[PDB]
Amino acid sequence: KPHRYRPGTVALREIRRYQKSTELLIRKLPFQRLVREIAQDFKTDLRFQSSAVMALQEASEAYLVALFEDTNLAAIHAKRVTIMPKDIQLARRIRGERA
Amino acid sequence: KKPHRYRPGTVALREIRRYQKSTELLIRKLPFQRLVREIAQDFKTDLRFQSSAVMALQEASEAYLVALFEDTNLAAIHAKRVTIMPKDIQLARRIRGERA
Amino acid sequence: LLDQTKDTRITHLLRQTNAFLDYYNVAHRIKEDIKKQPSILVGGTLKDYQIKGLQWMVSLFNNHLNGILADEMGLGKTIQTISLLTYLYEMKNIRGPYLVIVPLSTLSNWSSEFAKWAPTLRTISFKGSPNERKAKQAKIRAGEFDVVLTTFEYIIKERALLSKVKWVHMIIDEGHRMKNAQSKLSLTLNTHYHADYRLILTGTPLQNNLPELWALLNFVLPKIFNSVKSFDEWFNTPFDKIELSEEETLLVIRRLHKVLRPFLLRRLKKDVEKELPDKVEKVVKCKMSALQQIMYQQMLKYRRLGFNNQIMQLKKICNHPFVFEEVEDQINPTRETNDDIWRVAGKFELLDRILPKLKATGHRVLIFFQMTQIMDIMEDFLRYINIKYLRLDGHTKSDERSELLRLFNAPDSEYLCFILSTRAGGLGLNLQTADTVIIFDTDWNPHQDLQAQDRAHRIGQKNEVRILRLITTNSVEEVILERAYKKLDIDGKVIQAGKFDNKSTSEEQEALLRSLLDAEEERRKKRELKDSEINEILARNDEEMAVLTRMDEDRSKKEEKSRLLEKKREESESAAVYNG
Amino acid sequence: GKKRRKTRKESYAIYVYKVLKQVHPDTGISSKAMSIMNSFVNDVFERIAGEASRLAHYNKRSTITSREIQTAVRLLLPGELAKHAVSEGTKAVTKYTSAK
Amino acid sequence: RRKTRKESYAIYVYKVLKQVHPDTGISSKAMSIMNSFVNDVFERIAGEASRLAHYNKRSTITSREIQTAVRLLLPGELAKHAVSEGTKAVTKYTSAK
Amino acid sequence: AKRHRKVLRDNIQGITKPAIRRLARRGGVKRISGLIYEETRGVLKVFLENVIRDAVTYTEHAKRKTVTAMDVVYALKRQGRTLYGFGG
Amino acid sequence: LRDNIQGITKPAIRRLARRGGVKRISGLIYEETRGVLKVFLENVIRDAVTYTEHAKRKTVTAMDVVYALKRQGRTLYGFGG
Amino acid sequence: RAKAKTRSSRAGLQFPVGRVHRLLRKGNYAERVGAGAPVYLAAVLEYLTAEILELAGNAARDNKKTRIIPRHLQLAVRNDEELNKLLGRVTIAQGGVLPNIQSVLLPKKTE
Amino acid sequence: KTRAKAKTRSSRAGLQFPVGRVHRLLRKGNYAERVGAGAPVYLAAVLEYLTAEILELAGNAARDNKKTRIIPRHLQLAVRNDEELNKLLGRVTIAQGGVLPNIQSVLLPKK
DNA sequence: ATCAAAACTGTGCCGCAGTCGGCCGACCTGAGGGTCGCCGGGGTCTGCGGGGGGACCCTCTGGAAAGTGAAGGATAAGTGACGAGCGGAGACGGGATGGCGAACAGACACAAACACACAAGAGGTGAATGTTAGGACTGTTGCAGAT
DNA sequence: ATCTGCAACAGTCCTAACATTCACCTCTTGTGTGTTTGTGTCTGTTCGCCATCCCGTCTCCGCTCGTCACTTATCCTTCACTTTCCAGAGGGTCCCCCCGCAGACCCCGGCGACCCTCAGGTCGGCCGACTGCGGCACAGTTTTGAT
Ligand SMILES: Nc1ncnc2c1ncn2[C@@H]1O[C@H](COP(=O)(O)OP(=O)(O)O)[C@@H](O)[C@H]1O
């Protein structure tokens, strides 16, 4: 069947369901391997409490959700719909984190 | 000798260079003092000030407005323009955190 | 006794002014007595007392002191000063460098007198643009000049110009701005350069404060610092009614005369010209009203006993209500003024009692003021009732200032009450065509007296001056009046000192000193509303009496409503305890 | 468990449960939301007492009083929260001082 | 009026300036700025060592807490050199007297 | 009759168009629209309101009526807007 | 542990952007957000391992992560204190 | 001797003024700690906790729930403007965001 | 008899900031209950390092401008050109300071 | 692809606040020398929980293929900001005139710390006791995409 | 206007996550009485700021206006994005092991707090006072705007 939605409908329904839900969105084991690698840069034989890894995950995902909110504002300001690397760099410059 | 008027933009650029080259205060002292004393009159009706208090407020507010115009210049250049408008003063304050 | 000690000070260091290029000793040790003027003084004769003051100042030059000419308004300081200048030019052959200093409101008049009375002396002015100042800068850096006019302001604004020149003899005018020892102009003149011969010139004695000290005892003579730095308050110890001030310190007052012998000259206007007839001074007592009473006496309680430094605002409660304009939003918030809303101040009720009869009897009136908003709201009434007037203040821009005298001194000048300010004008009004000078609020000075009277007391006052110094019952205006008047007629002693500091009738320094100490001992005697008395103290002759009684009949056949407004009710509770 | 003295650590949990049963008689709270209310109470406590510490060192006192905590409330809390918080605090300290 | 001594790091900033540039003077208001800078970094490092004391349940601010406060406050290369300077001076202080 | 104080130039609009342009051209701006003036004036008003209500609170706590340099510096320090130079 | 940053899968970043409210995404967002996330984690984990190395432990805990986030500026409620 | 009066009961509060007083005492805030200051502070804290829990319980009423979850606290906080200003730099864990869509991203009403 | 009241603790470590004043400020500043005898030496050496780094970088900014007296413009240029000093003083506004000569690339017309 | 017209930029001189070096006053704070509670640190034990390995199962990622719809470049009408000139005008110095408030020095009763006694309030456990959200399992309408 | 496809509700269903007692341990907070020092109260001095006006001297802000470089609306093309489907695979869950290790006691010296002197490093006004430096003045490049 040629029942393919035009782009925009499925995008809005994922906007609705992922703002209505509350769970984590990055997979727990690859996030954990990421954290243990980055911490292995700084110290050899560390050990991670699971609440420490999940605290890192809550912090990182609230950070990236807020950053994409500001990139959505910058992309709408530039008369676009598509977010781009130039406005990720813009929000991380106006916010303070880079320059 | 009357037809020697610069291309529009050139005087703006030499203004940019002189005002970044120097380090004075740019808002003038007496009307900024009257504005400070008015806004303070909205809270405690019978205050008194100090010359260094008003100069501290003027250093703070001029450095604040200069940082706001640097960030609004970045937002305007991002929008493929040169002329800064109000919508990106409001964008700079929305992103920075000062609005919402 | 320290007068002989100051005589020893001046006897020791009286040699500096002749090396560096008794007080009956110091004013009489050298003499030269020529009553004839110098030859090149053109354009009118000298009076003999002008020659007396001139000869005294020539002796001041030859005693090499630093003199003071301090006589009264309208007695010719200018011609005496330029006569000194031309006598010191030709008859001594030193040819400057001369400096002078005037206020800018008189520099045209001084340059006019420099043209008319000494054409041999070239006179540079300093005004206008930096172009004109730069032209005369390049002119003066070579040394081609005799007289350099400049104002107060270009001394500091041309520091380098008038410091690289070794000055000889400055003569500066209007010394009651030169008084302040921490005035920036005074600091630049003291740390300017060692200029040799300096003269204050003034029309007034010590004012506003303590005795003469900070102008004449300090700036005019530098050695008096070395002889005064601890004894200043010791001489100032006269600063309660009979024993201290009158009985035992009469010797101290005589010692102040004794130390101010050789330096002043205050010849009174009563002696020689005397063309001023008199000054019929009365006081008039206004009152509160239904808001200025217990309504505002509630606000003394519920404020202090809000606005800062209420002593300034207590002037405003007795001048006029709703100059705050917040209570206008409760009494007449409909922003339209009429009868018995403006008029509610008791001073203003006294105005529209007294003013229509001088409109009838034809008294031309000057009115002075502080608090220019009172001038504005009086002007609002003065357009309300529509009787003719003008207005002058610190917003006349100097051209309308020089213009407006032609409007008021017309023979058909239908404008009668010329509203003024007490500060505004700077001794340039020159107005003889009034005959009634009322005063709303007394200042912190007798300069209100010694200027606002002299505006109408000029050469040509051909009526009697009827003064109505207003006051209100038990407000702060009375403590202003008694404070300024009593403890700033310290110069009752000095206005007595003028005659024996002048021509010197020998009985003036004891007998009429006692006769004015009579006025200094009727303190408690002088310290302790009816149409008859108030309408007679403005009256002059009997046709005025008949027409004032006729106007009383004409506003008695008309049924006055009442006097003014009564205490309306809920706004009286609302203005005080609901502000915050 | 064999006796090893499980170490006591305090919280605000029973007190938050008291206040919840005041303002809603029929609503339970979750465990994770109880931990969020606990960290909130510690956070607001540490902010207010840190600001009262700074006022004590500025005014060169050495004592935290009701006035330094009142001024820390007026600094940290916005608007209508600051107004009702000052009202509640003054009511509780006068009910403390007067009654017993 | 018993002129009240208000002390600061003015003469000490001046000593350091005359070490590292022997022929340069400093203005008055730039001396006020260097004073305020030293007091600012003082308050930050002392506040972080106090926080470390309360986090370990320990009552004493020592060199270990100041070293960790410097590593928590300063960026990168400044952190590494400042920790080196402090350990240098504490070994010279403990060894000599 | 102009007896009210309704007729005078208001004090917030006393922060002038060329002074806003000098802070802009110091900031880096090359071309400025015409509504920047009202917007920057509103921004300055709100920022001064925050700092001056903190300085009034510090002053009233210290039991005085003279807003001082140290009070404004402490207010900016808790705004996050730390100022050197004036707080010794 | 070789190049684990690509364990942040492409639909994971697309899901975080859908929570953020992004309707439509570029194709160069992916390496960029992986760089952004790596910088943020390097800062937080550097500060939390500083707290742990001071405490003479060999274990990152929930309190160390919370303290690192708090002194950075990102306060985190729900993991104890 | 009396029996006992907790200082919380004297002031009419719910929070532990004794625990507040020892935390102000040995948290190294100042040396001397007054005796009305822990009462004032416990009052402030009881107010803020009552406010937060009231708005969270109202949101749980709105979602037919009788157990108050971190989503409910997030909704209460970020929907009240003043608590949003206080908790501006705060990540309530298991929060999610406010349900918010921009107005450009809606589909074209005409097509 | 006092033995030798000399050799202040600044002189033993060879520092130039007052170890005595730093110890007194740490002690009565009420940061913690007690203060070791090496912590203000360590801290004073750290503050010597930071003042030395900024004053050296500002000396080399008051040499380009041909001016042997450090005014606040020079401290602004030194601080905001060193990137680590810029990240340490990121929120700080050096008074009477002015900003850096930054003109964006798209502004200045060349084509 | 050359010249008029302004605009910085050196030099240089000349007064001017303003660093700055002593001067000693003149202290008030730091160093040293003793005493002694007390806290931190070395050392042992021991549950405990984090690393790791493995089995299994399935939802969720990778990859490609098709359509298509916004991104971007080119174009042009429109207007709004900029450079410049000119004439009022308000900042800026300086003054007058009192008056007050804040910083700075002694005396002192509220008041907060100390330190014991003791009981009762608050954690840790547990154990039913419900119970309440969660999780498949289906009925049933509201938005979307060619009809 | 009608198939159709996620998504919100309607009513069971294990289970697990809270909420009540419970006795209970313990440590922690009132209660109450010596006690001492930090905070306030008033008296005097000084100096900087306030409510009003003045009086000049200017750079500088406001208004007009000509002119054009910009912002924005339209259109066309095109490629980078979404949507769908479908094969596979690592993430999730359970469970088991298995030692490093965090934390709790225990005991004992170093060490920092407190105190008491007492000499001198630091502030700090004067006292010039030297000079580094802004503000005019004069030649000389050095870009821009026409051409
Ligand atoms: N000998 C004289 N003959 C005529 N007029 C004279 C003579 N001496 C002085 N005057 C008048 O004095 C006036 C100048 O006086 P002035 O110096 O202004 O007095 P004051 O300083 O007291 O106001 C001149 O206008 C002049 O008319």
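Residues numbered from 1 in each chain as written, not as in the entry; some residues may be left out. Chains lettered and ligands numbered in written order. Heavy atoms only, no water. Residues with missing side-chain atoms left out of burial classes, pairs and counts.

As summarised from the PDB record, the model derives from cryo-EM at a stated resolution of 3.47 Å.

Per the header of the deposited record, the title is "Structure of Snf2-MMTV-A nucleosome complex at shl2 in ADP state".

Chain G is annotated in the PDB entry as Histone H4 from Xenopus laevis. In UniProt, chain G has this text filed under Sequence similarities: "Belongs to the histone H4 family." (UniProt positions renumbered as here; feature names shortened; annotations may be inferred.)

Asks: What should I look at first to understand a positive patch on the surface in this one?
Replies: A cluster of basic side chains, namely D:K100, H:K3, H:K5, H:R7 and H:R10, defines a positive patch on the protein surface. Along the chain, the position of H:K5 falls in the segment before α1 (7-11). With a relative accessible area of 40%, H:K5 lands in the partly exposed category. (Patch = residues over 30% accessible without salt bridge, like charges linked within 9 Å, V, L, I, M, F, W, Y side chains within 5 Å. Areas by Shrake-Rupley, 256 points an atom, 1.4 Å probe, with all protein chains shown as cover. Salt bridge = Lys/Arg side-chain N within 4 Å of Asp/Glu carboxyl O. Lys, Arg positive; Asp, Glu negative; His and termini not counted. Charge placed at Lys NZ, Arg CZ, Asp CG, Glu CD. Helix = DSSP H or I, 4+ residues; strand = E, 2+ residues; numbered from the N terminus. Buried < 20%, exposed > 50% of the residue type's maximum accessible area, 1.4 Å probe, protein only.)

Asks: Which parts of the structure should I look at to understand the pairing of strand β5 (residues 169-172) of chain C?
Replies: Here is the key point about a regular strand: its side chains alternate between the two faces of the sheet. Residue and element names in this part refer to chain C. Of the two faces of β5, the one lined by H169 and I171 and the one lined by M170 and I172 are each fully buried. As judged from the 4 bridges shared by strand β2 (residues 98-101) and β5, these two strands associate in the parallel manner. Residue pairing for β5: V100 is matched across the bridge by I171. Here β5 pairs with strand β6 (residues 197-201) via 3 bridges, running parallel. Considered in β6, the bridge of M170 is made with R198. Regarding the hand of the β-α-β motif, the stretch spanning β5, helix α10 (residues 184-190) and β6 is right-handed. (Pairing = 2+ DSSP bridges. Right-handed = clockwise from strand over helix to strand, strands pointing away.)

Asks: How should a negative patch on the surface be read in this particular structure?
Replies: Residues and elements named next belong to chain C. Judged by side-chain charge, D240, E243, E247, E248 and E521 come together as a negatively charged surface patch. Looking at the element boundaries, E248 is found in helix α14 (residues 243-248). We classify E248 as exposed; its relative accessible area is 54%.

Asks: I would appreciate a short explanation of the nonpolar core in the present structure.
Replies: Side chains that are nonpolar tend, in soluble globular proteins, to be buried together. Core analysis: the largest hydrophobic core is formed by 66 residues, its most contacted members being C:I68, C:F114 and C:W167. Per-element tally for this core: the top contributor is helix α5 (residues 77-90) of chain C, with 6 residues. Those residues within four positions of C:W167 in sequence are excluded, and the remaining contacts are C:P97, C:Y98, C:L99, C:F145, C:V148, C:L162, C:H192, C:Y193, C:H194, C:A195 and C:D196. Of all hydrophobic cores here, the second largest spans 65 residues; its members include D:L77, D:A92, G:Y77 and H:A76. (Core = buried A, V, L, I, M, F, W, Y, C linked by side-chain atoms within 4.5 Å. Contact = heavy atoms within 4.5 Å.)

Asks: For this particular structure, what's the right way to read the sheet that holds strand β1 (residues 68-69) of chain C?
Replies: Note on sheets: strands pair through backbone hydrogen bonds, and any given pair is parallel or antiparallel. All names here are of chain C. Strand order in the open sheet made by the 6 strands is β1-β6-β5-β2-β4-β3, with parallel pairing throughout. For this open sheet the edge positions go to β1 and β3 (123-124), each flanked by a neighbour on one side alone. Sheet analysis places β3 next to strand β4 (residues 147-148), joined by 2 bridges and oriented parallel. Following the sheet pairing, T123 is matched in β4 by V147. Contacts between α5 and the sheet are confined to β1, β2, β5 and β6, with β5 contributing the most and set at about 175° to the helix. (Axes fitted to C-alpha atoms, helices over the stretch in contact; angles between N-to-C directions.)

Asks: Is there a simple way to think about the protein's contact with DNA strand K in this case?
Replies: DNA strand K sits among 103 residues. The nearest are A:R4, B:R7, C:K316, E:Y12 and H:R10. When the atoms of DNA strand K within 4 Å of the protein are grouped by moiety, sugar and phosphate amount to 93% of the total. A distance of 3.4 Å is found between a phosphate oxygen of DNA strand K and a backbone nitrogen or oxygen belonging to B:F49. C:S421 is positioned such that a nitrogen or oxygen atom in its side chain is 2.8 Å from a phosphate oxygen of DNA strand K. If you tally residues by element for the surface near DNA strand K, the top one is helix α1 (residues 9-20) of chain A, at 5 residues. In terms of residue class, the surface near DNA strand K is made up of 26 nonpolar, 31 polar and 46 charged. (Near = heavy atom within 4 Å. Polar contact = N/O pair within 3.5 Å; in protein donor to acceptor, adjacent residues only side chain to side chain. Nonpolar A, V, L, I, M, F, W, Y, C, P; charged D, E, K, R; others polar.)

Asks: Honestly, the packing of aromatic side chains in this entry has me stumped. Any pointers?
Replies: The way to describe two aromatic rings as a pair is by their centre distance and the angle between their planes. Counted under the stated rule, the structure contains 26 aromatic pairs over all chains. Measuring from centroid to centroid gives 4.1 Å for C:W342 and C:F348, while their planes differ by 10°, and the two rings are stacked. Here C:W342 and C:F348 have matching classes, each one buried. Ring geometry for D:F45 and H:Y29: centres 6.4 Å apart, planes at 85°, overall edge-to-face. Placement of the pair is D:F45 in helix α2 (residues 31-58) and H:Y29 in the loop between α2 (17-26) and β1 (32-33), with the two residues belonging to separate chains. Classification of D:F45 by relative accessible area gives buried; the value is 3%. Judged by its relative accessible area of 13%, H:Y29 falls in the buried class. Put simply, the rings of C:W342, C:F348, C:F369, C:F381, C:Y384 and C:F440 touch in pairs and so form one group of aromatic residues. Above the face of the B:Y6 ring, B:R14 is positioned so that its terminal group lies 4.5 Å from the ring centre. Here the guanidinium or amino end of C:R364 rests over the ring plane of C:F408, the centre of that ring lying 4.9 Å away. (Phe/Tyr/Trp six-rings, centres within 6.5 Å; stacked < 30°, edge-to-face > 60°. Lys NZ or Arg CZ within 6 Å of the ring centre and 35° of its normal.)

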